[PDB]
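Each chain is listed here by its residues.
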Amino acid sequence: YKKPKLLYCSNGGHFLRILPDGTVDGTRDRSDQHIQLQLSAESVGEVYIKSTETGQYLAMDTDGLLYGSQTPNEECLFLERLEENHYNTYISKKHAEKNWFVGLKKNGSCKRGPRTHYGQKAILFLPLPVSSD
């Protein structure tokens, strides 16, 4: 069943899910349906994080701390960098002008520009949707 993809971050075993507290952060849950974000690459170079039912109403602020619950504006848009061996990266297309990275802590907390760059390996993520196998 192809559908909204999952927020895989390098391994601390979490899944990034939205809460009404202004967050989409990782907790290990696939038991409910909070972890389903519809992630396409809609424009050239841009990937779009849109909510399915719970999938994320993200807003990038300051371009460092990216939090989302109520609305998904386009600030949610980030530029996708393709690493080899099929790993994906995100650039913060909000301040893309300054080359700042989108990096998330799924194993942590909502995503943190103070270390978005290779400070943390939480800047290494995979987009894994439910697949029709």
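Residues numbered from 1 in each chain as written, not as in the entry; some residues may be left out. Heavy atoms only, no water.

In terms of determination method, the entry is listed under solution NMR.

Help me understand the packing of aromatic side chains, please; the structure alone is not making it clear to me.
Per the counting criterion, the structure on display carries two aromatic pairs. Summarising the aromatic geometry, the rings of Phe 78 and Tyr 90 are spaced 6.5 Å apart at their centres and angled 55 degrees between planes, so their arrangement reads as tilted. Taken together, the positions of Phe 78 in strand β8 (residues 78-83) and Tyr 90 in strand β9 (residues 87-91) put the pair twelve residues apart, joining distant regions of the chain. Here the two residues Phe 78 and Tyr 90 agree in accessibility, since each one is buried. Between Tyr 90 and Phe 125, the aromatic rings sit 5.0 Å apart at their centres with planes inclined by 20 degrees, giving stacked as the arrangement. Here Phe 125 lies in strand β11 (residues 125-129) and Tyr 90 lies in strand β9, a separation of 35 residues in the sequence. Under the relative-accessibility criterion, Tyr 90 is labelled buried at 2%. Owing to a relative accessible area of 1%, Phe 125 belongs among the buried residues under this scheme. Within the aromatic cluster, the residues linked to one another by ring pairs are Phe 78, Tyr 90 and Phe 125. Note that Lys 3 overlies the ring of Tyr 1, its terminal NZ or CZ placed 5.8 Å from the centroid. The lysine or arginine in question, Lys 106, covers the ring of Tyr 8, its NZ or CZ lying 3.7 Å from the ring centre. (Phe/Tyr/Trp six-rings, centres within 6.5 Å; stacked < 30°, edge-to-face > 60°. Helix = DSSP H or I, 4+ residues; strand = E, 2+ residues; numbered from the N terminus. Buried < 20%, exposed > 50% of the residue type's maximum accessible area, 1.4 Å probe, protein only. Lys NZ or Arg CZ within 6 Å of the ring centre and 35° of its normal.)

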